[PDB]
């Protein structure tokens, strides 16, 4: 069309940090159409978008937030063929040296298995990790944010990532 198809932004939060990240994403998409959803209210609307941004903090040794984890079977019922998905994780890379932003792995594996494309892999430069489960092809499988230790890097990390994924968006 004349403009990008609407972007569906789906997030969860326990203590509110992720809300702020979503607000930053929305600001960078100020002039583009988006709709935002908290997956505590379910995931069914993911079916309705071709362009998606899925956001989760990490808990429980590399899991996504419970509202995502509880919906993984419903998520896997969706046909992701033709969808273009960016993944955003929040975590603490120093306190969780083997599970930083691990929650996005659960989302990645479902999107790919159900026919979707994941875009916006990011460099591991400037991050610390002992082991990871969120690398493919030498890159992190999404945007990895650390508001506890690297909050000053978040705005540029998000802005650069949004610019990249928009190039693949429908």
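Residue numbers count along the first chain shown, from 1.
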Fill in the blank from the handout: Higher avg CA temperature factor (29-37 vs 99-107, as deposited) belongs to 29-37
Completion exercise
Entry B factor averaged over C-alpha atoms, 110-118 against 50-58: higher for 110-118
Exercise for the section: Go through 14, 9, 21, 153 one by one and give the residue whose Cα B-factor in the PDB entry is largest. Expected result: 153
Handout entry: residue 138 - Cα temperature factor, lowest/middle/highest third of chain
Key = highest
Practice task
Name the third of the chain's ranked CA B-factors that contains residue 78, choosing lowest, middle or highest.
Solution key: highest
